[PDB]
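One protein chain, two forms: both are listed below as structure tokens, the first as structure 1 and the second as structure 2.
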Structure 1
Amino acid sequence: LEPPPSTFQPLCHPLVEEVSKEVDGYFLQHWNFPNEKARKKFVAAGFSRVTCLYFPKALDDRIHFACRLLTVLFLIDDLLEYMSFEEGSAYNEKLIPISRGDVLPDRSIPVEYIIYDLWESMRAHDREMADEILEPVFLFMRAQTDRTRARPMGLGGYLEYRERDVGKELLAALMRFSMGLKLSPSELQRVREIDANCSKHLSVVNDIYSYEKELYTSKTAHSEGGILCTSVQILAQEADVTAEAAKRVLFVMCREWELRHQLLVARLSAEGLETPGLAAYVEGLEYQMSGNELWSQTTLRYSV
């Protein structure tokens, strides 16, 4: 699959090597893997590497928080594929009061105390910004087991749903936390169209590279949890082409979304609405798009 030309230059956080070893090492000690093969596959995924590609301008003392969060969510994301929608919902809902810190974790259950200790440490570093990630994460978690996954969706309906299932808002709040980048409610409101456009890029780029993984999952995992829910399958179905043909077409659309990102950013500046914070923000969103693509093209999670 040859990617069409992009003007975006992907950037990686300079501390990616040490943070990856730190965070991978943490999960290897605490997380319950089924076997040595799974432990190797975990490291092979490079979960801290995505994070460092998503937020390359995160503060040096905050990047590890982001790596820990995306890592545990990735691990949960895989676990949910072997559960029903009901079981998956129960699993996630239990982690929500724990994430808030309102309920103590069962220290014998790794996922419970990993989540608790993480959010506690994040609030310890920056309480105000850590709290602003809470609701976006919960929105993402509840989307993962949404019944709409078991209903037919057009491309438009899917992308609207997938903004939550891909965790667009959490990525936004996580990015701001990691950068210590604060925005007023007025600034946040102004870039909503830019956010929605970015979400489609992230979602479809992931759909493109994770298709083989998710096709296999749909044939082997739970009938509900492993369900095939992706723009690749939808376009292939609607246009009556192969999945690989759908990928090539979708990749072209992703480049159009990149063009639209630049247009919207230019218009924000052409109008009076550009601020230093917003400039850093929309630039950060570009890194998410290019970083997500670079990681997707190289991670063993999708190629194996």
Structure 2
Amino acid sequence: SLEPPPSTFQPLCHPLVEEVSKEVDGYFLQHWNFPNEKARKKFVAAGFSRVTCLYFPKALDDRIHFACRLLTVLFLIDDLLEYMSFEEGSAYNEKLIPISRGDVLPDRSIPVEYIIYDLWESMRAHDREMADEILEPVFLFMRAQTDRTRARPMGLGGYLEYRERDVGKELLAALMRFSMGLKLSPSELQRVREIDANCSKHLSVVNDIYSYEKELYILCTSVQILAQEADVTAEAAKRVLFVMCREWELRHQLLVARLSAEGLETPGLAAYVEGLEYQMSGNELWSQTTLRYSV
């Protein structure tokens, strides 16, 4: 057992977790075309809404279900793209994008299509401004799902610089903003780029730490890279990476304290950086428990 090192952060779950969870889970079991009974209860066991509530514990009470719905359908779609070629998976997603914009009408006979359509319709109806702002982050993520990335020599610095721009973590930060009703200005966002990049690496590395065993069923992970650079075992590497993650949590506290001392911390940004902290503690807890990293 790894034994995480001490941390000043702590996981927190959204207050309405049980309530939203049943609501959203019901919706999908009702509308989604699962293959069989095994898949049906594998889905309930996954508890995507509980995942979402762990990542956005501070979302507004009336918007958390939106987040759960979006993440649930993306998790479902993600798992589906596993069984299809590049050309089909890409074609699959590109078709849902115009529908997501509301520009194209569903084929009410195809679950994923009307689920996606209705979802975005309802989000815009609740807040068009913020709903439109999160469209691109989602599309970016959706396009990356069928992305064929190059295997190339990559040291620790290159790998981390690359994770700093991860679109998955970007989608999470934007979805968090929507869930919290935090309309951040262009200026405010620029002010927390370092904080975002720092957070993005944290989430990524913690995922790497707990997914390595499974990854070692194109292996691109910080555990292998550090193990090879330092000439130690994967486990020793996980230990070193975990301490690096704590260094990043301390960096987060410092970047935030600085922001405030310079008087650049607005109420919106305060909620935001705190939201990120819970995304980090949440992701860690999720990583330690998710069945997706089992084997």
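Just so we're on the same page, rigid core means the largest C-alpha set that superposes within 1.5 Å between forms. Residues are numbered by position in structure 1's sequence, first residue being 1.
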item	value
Rigid core fit then residue 43 CA moved by 2 Å or more between structures 1 and 2	no
Exceeds or equals 2 Å, Cα of residue 33 between structures 1 and 2, core fit	no
Exceeds or equals 2 Å, Cα of residue 115 between structures 1 and 2, core fit	no
C-alpha positional change at residue 74 between structures 1 and 2 - rigid core reference, Å	0.2
Between structures 1 and 2, C-alpha offset at residue 166 (rigid core aligned, Å)	5.5
Inter-form CA displacement between structures 1 and 2 at residue 288 - rigid core frame, Å	1.1
